[PDB]
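Taken together, the values in this text are just the output of simple stated rules run on the coordinates, not laboratory data. Note that we place each Cβ from the backbone using ideal geometry, even for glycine, and neighbour counts take in every protein chain shown.
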Ligand SMILES: NC(=O)c1ccc[n+]([C@@H]2O[C@H](COP(=O)([O-])OP(=O)(O)OC[C@H]3O[C@@H](n4cnc5c(N)ncnc54)[C@H](OP(=O)(O)O)[C@@H]3O)[C@@H](O)[C@H]2O)c1
């Protein structure tokens, strides 16, 4: 994945952790999405991550995806992002 | 860290994750800690991990550390381990869990949890370091015998490899124990442990050097550790003080050679090791390296030196002859038709019996229908007996079956139906111990009389043969002179005379000339049975080292055929004449073979060639006998004699013959007169 | 190779199986490994729960014995459990079935017929079984690797015992804790 690293295992919650480092120097386009003076990551970005990590661990369809508060992209040395994948329940959902 | 990797961040639970890969090839000492046949990771290992990761993220003291189930170290490619660090709560405390899963395992298989605890901040400012000069060992401490200690751990089940055997001196002083430990081999690599988990476990070993534990001779591991602070850094040799903290808890304080406190455990509690908690590591086999072939052995008891007695109550079908045996010794208190009648008689003042016997009847057809009946009836009865109230329930419930087991390694007949009841109660004995017994009898009425003696033997299952009590014992299979022969490793082998001049010298020996390539005219036979002549006995005897080949005849299935041979093909059943047929493989001449008649057994087939060929070759080809002529046959009841009589009757021959007077029935049955 | 849908306890399905075996390759040996578990304590076990467990073990073995009299088997192998010998608790019906099997081999060897019962230990490679693995470990039984289990099958072919027990035991762990069953007393 151009942004994410390898899946880090999780026994306690059960499941995986996908790390990623964000930076405009690494990905100049990360800032080229901005609304009302704030360079931010589009919601469309969280979808790509979800369909890729989800296809790999069985759950390739998103039932629901909720966005709470946008992540702003500052100047060089942007912030790291981590995705957590839950364990498979009685119906295969994560 | 020599084992752990970098801390992996966690936003959801909040905190960190320390990964680590375990392998004996990477760390050979990981297996050198083993208990009762299982190479496992010591509890001391989980402590090092906790004090290191804890000092880094603020909580350098362990309030409590609990171990749930040990992690076994298998062969190369051991399992990965992950440590999780919790977020800092309102008081700075952080939770902990430790998990492991087999190397490379799939995402669908779950992780086993091995350790959970709770960490806290603790300041080293209070009581940083001790004084270098107090007399250590304390005055009046008794030296402890350290000679050969590693042999003494092994005998009990503390299988310690070269890496943990470092207890070199120790002393007991009343409640307390003082001891010195040191790593057998120092660690030369720059990824090093602050205190090796080997050196800490060596400290843990010193608990069993005192009298802290009950005299129950069972093995104990660390289970829960409370109040663990480590201060110093870099200690390969230690001086350990152990006192009892509470009644069931001990406090461990170890220092360096200079008196600097390295680590202190405010309280450690050990708990016996569940046998359940093991999976084979195969370090040094304390039992069953890879598994073994066992068989039950019915072994006869010595005749009891004195008459034994119980109070007996027979409930149900009184086999004729049974009550007589119980009443001889004077132990028969009552006969009853069913349990309901017994319960009432005893409440009405009958004798409380020591033993209530339930005669299981033989003769059931060996089929599915009678098994359900036998089981469901015993099941109903057992349930009735457990609901029995009063002192009557304390009695032993004796199921007395008839030939439900195979006592002797022979052709002993058995009743599979009763052995189904035998198995039901077999499980019932474990569920409700001391409640039921199994005692199996032969058809000898004498055995009914040994039944009191049988029940003078606290064994749960028992068998009686000719009035002699046998008890069963599982036993590892091994070759045994005075017993059956063991075929060699080869596929091909035969019976052959040993040359000592004794029947003990008969041995199953490799027979390569059977496997060898075929010459023209030959076939190879997967032998099923072979016949035996009285000459084959005489060959087994005689002390010449070179003896003739045993065997003359047999029957079986062909496996290879020479290219010139027609009329026999791979897969055909045949009987015939060949030497060395006392084994699973033989080579034979195609001329001397015949097809096995439909419906014969291989034994019937293999019996025929020698006797009838001799009798046919002699009657027809040598003597040219005709119809109406008279024949004398000596030993007419023997092998070749019987065969001769059968042909002679078909050929119109008047037969006279001789035999032992007890065998005259065999001659008169082959169609001969008392005048013949 | 053929795979056939056949309940070995359905005497008509098994007879219809055997009748459909080529005449040029008649039956010559049998390895019986059908089995069903349905666990319950003595006071709890029902009637159908018994029938359900005997049906693959006892009911099927007897049909194979009576439907093959016209053939002389070179081998006739029965898979049992070591819980039939030890008495694993909460498995009364299972012990009864496997105990019937053990004896039904002794019953064939008596008649001059090939037979062997194998009271297996625990194998390395499932809820009804995940309960039994718990109970066989509580009694000191350890798992047999797949290869090693087969090797015992092979080596038992060379021994003239009607009942044999291929098993791996942690005898030391029972001596330590003091839970040694009477049957095992000579292994210490
Ligand atoms: N390949 C070969 O070398 C070959 C081939 C064919 C036959 N044979 C010979 O045929 C026999 C076949 O063996 P088998 O199993 O069938 O045994 P068997 O010949 O059926 O039984 C022994 C017979 O020999 C009689 N006999 C001889 N001397 C005796 C004595 N001193 N006292 C009592 N009885 C005596 C017995 O008489 P009673 O009737 O009064 O008991 C008895 O009938 C062998 O002897 C064998 O040497 C050998």
- Task: Ignore the peptide's own chain and count Cβ atoms of other chains within 10 Å of each Cβ in C:62-73; give me the average, rounded.
- Result: 2
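Compute the semi-axes of the equivalent ellipsoid of chain B, taking the square root of 5 times each eigenvalue of the Cα gyration tensor, and list them largest first in whole Å.
73, 40, 24
Taking beta carbons within 10 Å but only from partner chains, what does the mean come to for residues B:427-440?
If you average over the peptide's residues, the count of other-chain Cβ atoms is 4.
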- Ratio to report: Rg/Rh of the stretch B:337-385, with Cα atoms as the point set and Rh obtained by the Kirkwood method; give two decimals. 1.09
- Task: Extending each Cα 7 Å along its Cβ direction at residue B:141 and residue C:71, get the distance between those two points in nm, one decimal.
- Result: 7.7
- Over all Cα pairs of the stretch C:1-184, how is the pair count split among 10 Å bins, expressed in % and running from 0 up to the last occupied bin? 9, 33, 36, 18, 4, 1
- Ranked by how many other beta carbons lie within 10 Å on average, peptides B:258-266, B:578-586 from highest: B:578-586, B:258-266
- Averaging sequence separations of C-alpha pairs under 8 Å and six or more residues apart, then dividing by the length of chain B, give the relative contact order as a whole percent. 8
- Query: Counting partner chain Cβ atoms within 10 Å of every residue's Cβ in B:368-378, what's the average?
  - Reply: 5
- Query: For the residue pair residue C:1 and residue B:168, what label-to-label distance in nm results when each label sits 7 Å from Cα along the Cα-to-beta-carbon direction?
  - Reply: 6.2
- Task: Arrange the following residues from fewest to most other Cβ atoms within 10 Å of their Cβ: B:602, B:46.
- Result: B:602, B:46
- Query: If the label point is 7 Å along Cα→Cβ of residue C:27, which residues in the stretch B:589-612 have backbone nitrogen under 17 Å from it?
  - Reply: B:599
- Taking the simple approach of a point 7 Å from Cα along Cα-to-Cβ for both residue C:38 and residue A:72, what is their distance in nm? 6.9
- Task: Rounded to the nearest 500, what is the 222 nm mean residue ellipticity of the protein assembly as shown from helices alone, with -39500 (n - 2.57) per DSSP H run of 4+ residues and division by all residues?
- Result: -7000 deg cm²/dmol
- Task: Give the whole-number value, in cubic angstrom per residue, of the convex hull volume spanned by the C-alpha atoms of the stretch B:547-621.
- Result: 124
- Query: Counting other C-beta atoms within 10 Å, which of B:164, B:213 has the fewest, and how do the rest follow?
  - Reply: B:213, B:164
- Task: Among DSSP beta bridges whose residues both lie in the protein assembly as shown, state the antiparallel percentage, nearest 5.
- Result: 75
- Quickly rank C:159-170, B:78-89 as a protection proxy: mean count of other C-beta atoms within 10 Å, highest first. C:159-170, B:78-89
- For a label point 7 Å along the Cα-to-beta-carbon line of residue B:621, residues of the stretch B:583-613 with backbone N under 14 Å: B:591-593, B:609-613
- Protection-proxy order for peptides B:461-472, A:32-43, each taking the mean of Cβ atoms within 10 Å per residue, highest first: B:461-472, A:32-43
- Can you tell me the FRET efficiency between residue B:370 and residue B:341 if r is taken as the Cβ-Cβ distance and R0 is 30 Å, rounded to the nearest 0.05? 0.75
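When the Kirkwood radius is taken over all Cα pairs of the stretch B:1-130, what Stokes-Einstein diffusion coefficient follows at 37 °C and 0.692 mPa s, in µm²/s?
Details: Rh = 15.7 Å.
Answer, rounded: 209 µm²/s.
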- Roughly what percent of Cα-Cα pairs across the stretch B:237-332 reach past 17 Å? 78
- For the modelled label position 7 Å from the Cα of residue B:192 along Cα-to-Cβ, which residues of the stretch B:211-247 have backbone nitrogen atoms closer than 15 Å? B:232-238
- Just for the stretch C:1-184, what percent of DSSP beta bridges are antiparallel, to the closest 5? 10
